[PDB]
There are 2 protein chains.
Amino acid sequence: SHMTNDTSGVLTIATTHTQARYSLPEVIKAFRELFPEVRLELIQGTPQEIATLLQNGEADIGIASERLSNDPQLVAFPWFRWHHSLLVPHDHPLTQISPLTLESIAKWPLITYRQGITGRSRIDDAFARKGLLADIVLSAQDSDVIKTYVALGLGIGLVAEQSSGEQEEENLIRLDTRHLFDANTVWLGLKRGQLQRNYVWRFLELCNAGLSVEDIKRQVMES
Amino acid sequence: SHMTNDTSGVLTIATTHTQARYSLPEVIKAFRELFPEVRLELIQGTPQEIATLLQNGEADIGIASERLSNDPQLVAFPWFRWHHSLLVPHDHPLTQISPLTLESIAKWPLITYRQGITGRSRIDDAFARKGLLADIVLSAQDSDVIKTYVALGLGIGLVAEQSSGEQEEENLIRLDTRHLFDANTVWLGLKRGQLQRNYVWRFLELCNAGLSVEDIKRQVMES
């Protein structure tokens with residue numbers, strides 16, 4: 001097979017709860033087969049921590065939807081795009097509405113992410129187009145807390161579509177609302193101007209077949 | 001409790017992933033029956049955030065295992081005690097190793113809470129008594145990330161025992177390690193010298209048959 005079979009080292013990834021649970025596992029699987037002798041470590045944190053770990057060299061790759069593509073000291077690459085969905089009890093009024101609207105949604109107590117995490121600004125901007133503030137009864141740092149309080153009757157949720165919405169957890173159900181909110185990007189961030197072991201560049205290629213190692217590198221070293 | 005049918009206001013509780021998921025829901029159900037007209041809001045955050053929100057009055061009650069009982073500006077009451085347990089795949093060597101010792105566990109990749117959160121220091125200290133550092137292969141902000149990576153194969157997990165609760169892990173098993181680590185405590189904190197609405201005082205009581213309302217007030221106020 002491959003030439004990367006005795007490649008060794010330690011790849012440290014810093015990431016959020018969202019990608020840790022809903023996107024990375026697949027990629028990690030692929031990477032462990034490809035690089036069996038490379039130790040992989042993860043640190044979970046907020047976007048702001050992820051950016052600091054990057055600028056200190058405490059992590060090799062940072063993965064999040066916020067603050068990586070706007071840091072002078074990093075360089076970030078698109079991984080995939082995603083949208084929020086509505087998470088509601090299986091028989092909630094909103095399930096007998098249609099077309100779903102922002103007006104519609106703004107009527108219910110809302111359970112979603114704190115500011116500056118998992119696309120929260122997209123939710124806010126969506127309502128702002130209609131002059132509205134959302135009724136936020138729970139500010140979560142993760143989709144799992146959201147599911148708990150939707151199940152518990154406290155309000156409806158806005159979550160990342162990939163948080164599976166919640167397909168398994170029965171009595172809950174995801175309603176697609178692509179038409180109401182703008183898209184998000186998950187970013188792959190590296191420290192600007194910093195050389196990296198081979199398995200680091202290879203790792204970006206595994207998340208996004210659309211990236212080329214040459215172009216990524218040429219672009220980290222621009223400065 | 002028809003005395004309190006028309007009690008109204010906003011109760012803001014600040015808390016961690018752990019209690020938001022595994023202990024509060026029950027209490028919150030109780031509270032919503034008792035106080036149907038009071039609006040309940042939750043903020044999820046790190047223990048240090050929680051302390052700040054209390055200092056600022058941005059939250060009425062703070063609930064966490066760390067940093068509340070040692071802040072000069074807060075007053076904290078014990079809610080209950082809890083221990084870590086060991087989360088491993090169904091067919092893992094550790095399920096075949098018997099008596100489970102620190103030294104044994106120390107051999108494997110650990111997936112556990114980051115320092116400062118969900119009793120991590122009970123873990124570090126336990127190991128330090130044996131001259132050991134744990135191999136942290138993933139440092140987590142919450143127990144669901146830990147579940148995902150243990151399931152994936154990355155390593156074994158040290159998790160709060162209470163996170164087993166619901167939809168309990170398919171092909172994972174919890175091994176009892178109370179004899180190996182010390183207990184943790186979950187605190188209920190209020191701002192010291194702060195006056196409150198009647199329902200805040202009740203929430204605390206509702207949480208703990210131990211404390212009475214008068215003793216809570218007396219002790220928050222005494223300084």
**Request:** Could you please let me know if B:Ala51 is more than 11 Å from every other protein chain (Cβ to nearest Cβ) and farther than 23 Å from A:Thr46 by Cα?
**Result:** no
**Options A:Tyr199, A:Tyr149: the member that is in contact with a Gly (Cβ under 8 Å, 6 or more places away or on another chain), not assigned by CATH to the domain that holds A:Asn56 and not hydrophobic (A, V, I, L, M, F, W, C)** = A:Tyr149
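Listed here are the residues, each with its yes/no results for (1) assigned to a helix (DSSP H, G or I); (2) assigned by CATH to the domain that holds B:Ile136.
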{"residue": "B:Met3", "(1), (2)": "no, no"}
{"residue": "B:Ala14", "(1), (2)": "no, no"}
{"residue": "B:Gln19", "(1), (2)": "yes, no"}
{"residue": "B:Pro36", "(1), (2)": "no, no"}
{"residue": "B:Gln48", "(1), (2)": "yes, no"}
{"residue": "B:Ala59", "(1), (2)": "no, no"}
{"residue": "B:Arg67", "(1), (2)": "no, no"}
{"residue": "B:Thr95", "(1), (2)": "yes, yes"}
{"residue": "B:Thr118", "(1), (2)": "no, yes"}
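Within the stretch B:137-182, can you find the residues that are acidic (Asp, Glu) and under 20 Å from the mean Cα position of the chain (by Cα)?
So in the stretch B:137-182, the residues acidic (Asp, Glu) come out as B:142, B:144, B:161, B:166, B:168-170, B:176, B:182.
Across the stretch B:137-182, the qualifying residues are B:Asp142, B:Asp144, B:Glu161, B:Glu166, B:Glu168, B:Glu169, B:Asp176, B:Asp182.
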**Request:** Please give the number of the condition B:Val88 fails out of (1) in contact (Cβ under 8 Å) with a residue 60 or more places away in the chain; (2) within 14 Å of chain A (Cβ to nearest Cβ).
**Result:** (2)
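Condition check ((1) in contact with a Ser or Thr (Cβ under 8 Å, 6 or more places away or on another chain); (2) not small (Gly, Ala, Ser)) across all residues:
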| site | (1), (2) |
| --- | --- |
| A:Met3 | no, yes |
| A:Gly9 | no, no |
| A:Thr18 | yes, yes |
| A:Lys29 | no, yes |
| A:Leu34 | yes, yes |
| A:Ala59 | yes, no |
| A:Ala64 | yes, no |
| A:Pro72 | no, yes |
| A:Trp79 | yes, yes |
**Prompt:** Got at least one residue in the stretch B:120-130 being more than 15 Å from the chain's Cα centre (by Cα) and in a loop (DSSP other than H, G, I, E, B)?
**Reply:** yes
**Counted residues, the stretch A:21-30 - those being in a loop (DSSP other than H, G, I, E, B) and either farther than 22 Å from A:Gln48 by Cα or aliphatic (A, V, I, L, M) (or both)** = 0
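Where residues in the stretch A:69-93 are part of a strand (DSSP E or B) and farther than 30 Å from A:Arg218 by Cα, which of them is farthest from the chain's Cα centre (by Cα)? Give the steps one after another, and end with the answer.
The initial filter retains those residues of the stretch A:69-93 that are part of a strand (DSSP E or B), namely A:74-82, A:84-89.
From what is left, the residues that are farther than 30 Å from A:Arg218 by Cα are A:84-89.
Details: A:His84: 11, A:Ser85: 14, A:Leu86: 17, A:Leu87: 17, A:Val88: 21, A:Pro89: 24 Å.
Result: A:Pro89.
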**Qualifying residue in the stretch B:173-189 (condition: touching a residue at least 40 places away in the same chain (Cβ under 8 Å), surrounded by fewer than 21 Cβ atoms within 10 Å (Cβ to Cβ) and within 14 Å of another protein chain (Cβ to nearest Cβ))** = no
**Message:** Could you tell me how many of the residues in the stretch B:94-125 are in contact (Cβ under 8 Å) with a residue 12 or more places away in the chain, away from every other protein chain (no Cβ under 14 Å), under 13 Å from B:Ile156 (Cβ atoms) and of a type in the set (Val, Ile, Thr)?
**Reply:** 3
**Prompt:** Given the conditions (1) surrounded by fewer than 17 Cβ atoms within 10 Å (Cβ to Cβ); (2) aliphatic (A, V, I, L, M); (3) at the interface with chain B (Cβ under 10 Å from one of its Cβ atoms), and given that A:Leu24 satisfies all but one, which numbered condition is not satisfied?
**Reply:** (1)
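Don't worry about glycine lacking a Cβ; one is built from the backbone with ideal geometry, like all the others, and counts go over all protein chains shown. What is reported rests on the model, the rules as stated and the sources as named; these are not laboratory values.
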